[PDB]
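In: experimental structure and its sequence below.
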Amino acid sequence: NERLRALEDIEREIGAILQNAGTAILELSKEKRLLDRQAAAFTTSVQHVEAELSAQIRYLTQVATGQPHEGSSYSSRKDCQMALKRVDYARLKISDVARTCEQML
Amino acid sequence: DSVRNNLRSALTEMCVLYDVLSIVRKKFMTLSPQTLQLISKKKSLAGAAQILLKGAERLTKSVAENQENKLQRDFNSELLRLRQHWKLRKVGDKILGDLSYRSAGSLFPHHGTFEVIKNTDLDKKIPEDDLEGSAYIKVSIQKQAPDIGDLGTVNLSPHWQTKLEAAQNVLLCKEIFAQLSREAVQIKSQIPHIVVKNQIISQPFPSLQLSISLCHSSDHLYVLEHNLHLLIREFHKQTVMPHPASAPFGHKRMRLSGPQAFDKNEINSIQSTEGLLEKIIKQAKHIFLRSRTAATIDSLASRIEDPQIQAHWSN
Amino acid sequence: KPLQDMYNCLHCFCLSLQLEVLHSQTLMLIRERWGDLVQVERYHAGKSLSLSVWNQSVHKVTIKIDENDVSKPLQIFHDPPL
Amino acid sequence: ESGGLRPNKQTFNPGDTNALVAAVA
Amino acid sequence: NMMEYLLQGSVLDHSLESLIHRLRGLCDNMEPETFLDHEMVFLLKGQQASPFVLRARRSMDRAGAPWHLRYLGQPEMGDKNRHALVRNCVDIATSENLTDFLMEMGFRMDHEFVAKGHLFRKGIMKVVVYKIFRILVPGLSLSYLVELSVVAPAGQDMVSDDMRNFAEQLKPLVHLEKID
Amino acid sequence: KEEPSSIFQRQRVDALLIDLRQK
Amino acid sequence: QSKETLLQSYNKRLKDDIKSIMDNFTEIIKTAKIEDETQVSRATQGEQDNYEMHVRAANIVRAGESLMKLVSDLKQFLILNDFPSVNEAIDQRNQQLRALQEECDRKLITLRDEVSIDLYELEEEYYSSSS
């Protein structure tokens, strides 16, 4: 939920920062300079991805042979569909009763 | 178009290289350091490198702008969103994990890859594969007739998401129809019934032409919802936890016979017959209520000068 | 003789696919619908199909073109008549 | 960067808890 | 002939969150939960020289739960590349039943193992992890023990390789096996 | 949908045999 | 099929590509060319070597960018879509929809109770008169 989305956003931001640092290093070392030293840090950012790789290497890996999270748990979804259907049926019955009452006048 | 020009340029370069190699077939003897053109060469190399870096930066900026707009995140981003919003995906090539219900349904086996596609308002357009068509039950009782035996001539927001949902719905409907058919054919002589490839009807008593029928593209709503809920509750029960300590892995009703002696209670509390019989007796209750209402109406219309009997249903 | 030969080929083709789809849908009824209610059948290598009724007044039904009549669609046969 | 030898990882400690697992005797 | 092939594995206490999440992902239960009870060992063996265990645990969280006495004996030394645990036997009884039988047949409370952990289920196999609590009488390892238990009759050891493969599926967690 | 896992796995053989018989 | 080994191979390929790109960039940075080894055509060979170094630097940068994007996509697949062991979002949606259906059932039951009072009232008012 929260932690999974946070780690995903963190990995996405890490990839974006790595791409930006690579582009900046290319633009700096292409033409003209001490700032090019920070370009080396871009390579360090690449190592961060490797750490993420390590983070993916020594990750959960529950089975690594099948798919986890058994069951879509959509029984609740089906129950909600039935509830909405009952609500619609009640609305239809109420509309019929209202038409009958209006005809009574 | 451009392929021919590229091939011609490559052939010209190859011919020039072959001519150079033939002329050659760098060499000092034993017996661009000009500082004038090297400046221009370094300037041109720096310009080319800057142009390449600018192109790479433009591509990266376009990618970042596409990632910023949370409306076309088809680059495995909306895919992850739907994965967190749908069942698991045993990825063989790109995506699998249909609504097999092998963990929540436990019915007619139907599993495999269903939707793995990444192309392109600009949705990924998951393929719905494979009934791929609406199918629901319709019921009514208006001038019923038991005489049958004819053909099945029917008298009837995310888009891919609801498509997949309706696909799962029609899949489970087919499963439960197969289950009810197997029950009607494997049941005892409790009551006769009519089973056709797609239309079912029973007769527990005269004037009971229960009009439940599996439709497909090839009261009137409450009873079908009731049937669906009862069958899915049956499956859910087939999946409460057994509270196992050594290895019960069952139901507490089994172990309750130990301390609490149950001559026939435990037999009755283990399992019973359901499905078609329960819906049939529900329709029986319905027709009984209808007959009671008809008796009341007949008394009101006929015994009007008589003391007006007054009824009130329960809650 | 294009007319007669083409008619022959298309006719045997459609009858073959018809008997095959009949066999498959009966096998499906066995696997899915009826476990042992009508789970009795015995047919040749092709161009002929036959099945039986519940066992203990047992009867059998059969369908085959028999290649004798070019207009006979199915030739539904069964020993006890109606 | 030439000083880096190898990025060794860490995980749970089953080897110690195994001998630390309780038994009959 | 209900035998057992339970493997003895133990996981560090710090590595719990990832472990429980891995379990609930792969297979733990339909909304899994925990348990709470207290065990005790009864030792009465003059000629057999074997204290026969009896798990008269009372699930305090459950109301009226039957005392699930568990006996285990004769460790099977089959050497079939599996755990081959001792033959087990379960019996659900009522309140004060184990105490009454310890008073009648004559038993002695050898020791007490108060443990607590989470519940897990699979298709056939079972697994459980918990931690013992060295508490007083009215109330010593402090380590989660991941035991992959399979209780069933003898059969043909067909589920042995299946359980071994499923345990290897959780290799980044533990490497469970038998004991001496 | 163009998979032969359906009865086409056998329907094609039936067609081939029928054509070889007719020719 | 060797998911861990597949991720390891992808990471090794990415590391090799990054190392090759860095080495080629460092080699292109060392383009002084202070040796006049070209005896056939010094200026022509020098210009060709400068253009070759520039093209090699551009190709190294392009290969590095492509490898970065491909490794990003592969990690996004192997991590997010493949092993999302943090399935707590499933339980979150479960609790949310459970609360929703509970609210719906409560509203429907209140509707039934009000309609029950109404039907009792109207039935009492109706049965008190016979036409």
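Out: Structure received. Numbers count the residues shown, from 1 in each chain, chains lettered A, B, ... in the order given.
In: how many neighbouring residues does the residue of chain D found nearest chain F have?
Out: When scored by CB to the nearest CB, chain D has residue D:11 as its residue closest to chain F, at 43.5 Å. The C-beta positions use only the backbone N, C-alpha and C, and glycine is treated the same way. Residue D:11 has 11 neighbours, counted by other CB atoms under 10 Å in any protein chain shown.
In: now do the same for the closest residue to chain B within chain D: helix, strand or coil?
Out: Minimum separation of chain D from chain B (CB to the nearest CB) falls at residue D:24, amounting to 16.9 Å. Three-state call for residue D:24 (DSSP: H, G, I helix; E, B strand; the rest coil): coil.
In: any idea how far residue E:5 is from it?
Out: 18 Å (CB to CB, to the nearest Å).
In: so how far is chain C from the closest residue to chain F within chain E?
Out: Nearest to chain F in chain E, going by CB to the nearest CB, is residue E:123, at a distance of 27.0 Å. Shown here: residue E:123 relative to chain C, a distance of 24 Å by CB to the nearest CB, to the nearest Å.
In: can you check residue B:85 too?
Out: Applying CB to the nearest CB to residue B:85 and chain C gives a distance of 33 Å.
In: got the phi/psi numbers for the closest residue to that residue other than its chain neighbours?
Out: Of all residues not flanking residue B:85 in the chain, residue G:93 sits nearest, at 7.4 Å (CB to CB, 6 or more residues apart in numbering or on different chains). The phi/psi pair for residue G:93 (degrees, to the nearest 10) reads phi -60, psi -40.
In: how deep is residue G:93 tucked in, by neighbour count?
Out: 17.
In: quick one: it and residue B:87 touch, right?
Out: No - contact criterion CB atoms under 8 Å: residue G:93 and residue B:87 do not qualify, at 11.9 Å.
In: in which helix or strand does residue B:165 reside?
Out: If you go by DSSP states H and E, residue B:165 is part of helix B:159-186.
In: quick one: secondary structure of residue B:200?
Out: Residue B:200 ends up strand, using three-state DSSP.
In: which of the helices or strands spans whichever residue of the stretch 151-300 of chain B sits closest to chain G?
Out: Nearest residue of the stretch 151-300 of chain B to chain G: residue B:300, at 6.6 Å (CB to the nearest CB). Assigned by DSSP H and E, residue B:300 falls within helix B:276-302.
In: any part of that helix near chain A?
Out: No - with CB under 8 Å from any CB of the partner chain as the criterion, chain A is not reached by helix B:276-302; the gap is at least 15.4 Å.
In: hmm, back to that, how about the residue of chain E closest to chain F: what's its closest non-neighbour residue?
Out: residue E:27 (7.9 Å).
In: same question, residue B:64
Out: Residue B:64 sits nearest to residue A:16 (CB to CB, 6+ apart), 6.2 Å away.
In: would you mind pulling the contact partners of the lengthiest helix in chain E?
Out: Ranked by residue count, the top helix of chain E under DSSP state H comes out as helix E:158-169. The contact list for helix E:158-169 (CB atoms under 8 Å, 6 or more residues apart in numbering or on different chains) reads A:62-66, E:5, E:7, E:9, E:26, E:80-82, E:122, E:124-125, E:148, E:150, E:152, E:176.
In: just those that are near chain G?
Out: Answer for these near chain G (CB under 8 Å from any CB): A:62, A:64.
In: next one: residue E:71 from residue B:279, what distance?
Out: On the measure of CB to CB, residue E:71 and residue B:279 end up 48 Å apart.
In: more neighbours, these two?
Out: Taking neighbours as other CB under 10 Å, residue E:71 and residue B:279 compare with residue B:279 leading, 21 against 16.
In: contacting residues for the more buried one?
Out: Contacts of residue B:279 by CB under 8 Å, 6+ apart are B:210, B:212, B:223, B:226, B:227.
In: of those residues, which pair is most distant in space?
Out: Using CB to CB, the pair of these lying farthest apart is B:210 and B:226, separated by 13.1 Å.
In: how many neighbours does the residue nearest to residue B:64 have?
Out: Residue A:16: 16 neighbours (other CB under 10 Å).
In: that older thread, report the angle between the helix holding residue B:300 and helix B:159-186.
Out: 90 degrees (axes from the mean of the first three to the mean of the last three CA atoms, to 10 degrees).
In: and helix B:276-302, how far out from the chain's middle?
Out: 38 Å (CA atoms, centre = their mean, to the nearest Å).
In: again with stretch A:54-64
Out: Worked out by CA atoms, centre = their mean, stretch A:54-64 lies 19 Å from the chain centre.
In: is that stretch positioned near chain E?
Out: Yes - shown here: stretch A:54-64 in contact with chain E (CB under 8 Å from any CB) through A:58, A:60, A:61, A:62, A:63, A:64.
In: most neighbours, which of the residues you listed?
Out: For those, neighbours tallied by other CB under 10 Å; top is residue A:62, 24 neighbours.
In: would you mind listing what in chain C touches chain F?
Out: C:8, C:9, C:12, C:13, C:16, C:17, C:20, C:21, C:24, C:46.
In: please enumerate the strands of chain B.
Out: Here chain B has its strands, by DSSP state E, at B:193-195, B:200-202.
In: how about residue 12, what does it touch?
Out: You didn't pick a chain, so chain A it is. By CB under 8 Å, 6+ apart, the contact list for residue A:12 reads B:67, B:77, G:76.
In: sorry, should have said chain F
Out: residue F:4.
In: swap in the one 10 residues further on?
Out: When contacts are counted by CB under 8 Å, 6+ apart, residue F:22 is found next to C:8, C:9, C:12.
In: from those residues, which land in strands?
Out: Among these, no member falls in strands (DSSP E).
In: of those residues, closest to residue G:15?
Out: Distances from residue G:15 to the contacts of residue F:22, taken by CB to CB, are shortest for residue C:9, at 64.2 Å.
In: now do the residue of the stretch 151-300 of chain B closest to chain G: how many residues are near it, please.
Out: Counted with other CB under 10 Å, residues neighbouring residue B:300 total 18.
In: ok, it to residue A:78 distance?
Out: Taken as CB to CB, the span from residue B:300 to residue A:78 is 42 Å.
In: repeat for residue E:52
Out: 50 Å.
In: those two - which one has more neighbours?
Out: Set residue E:52 next to residue A:78 and count neighbours by other CB under 10 Å: residue A:78 wins out with 18 against 15.
In: residue 9: neighbour count?
Out: As the question left the chain open, I've gone with chain A. Neighbours of residue A:9 (other CB under 10 Å): 10.
In: my question was about chain C, not that one.
Out: By other CB under 10 Å, the burial measure for residue C:9, its neighbour count, is 14.
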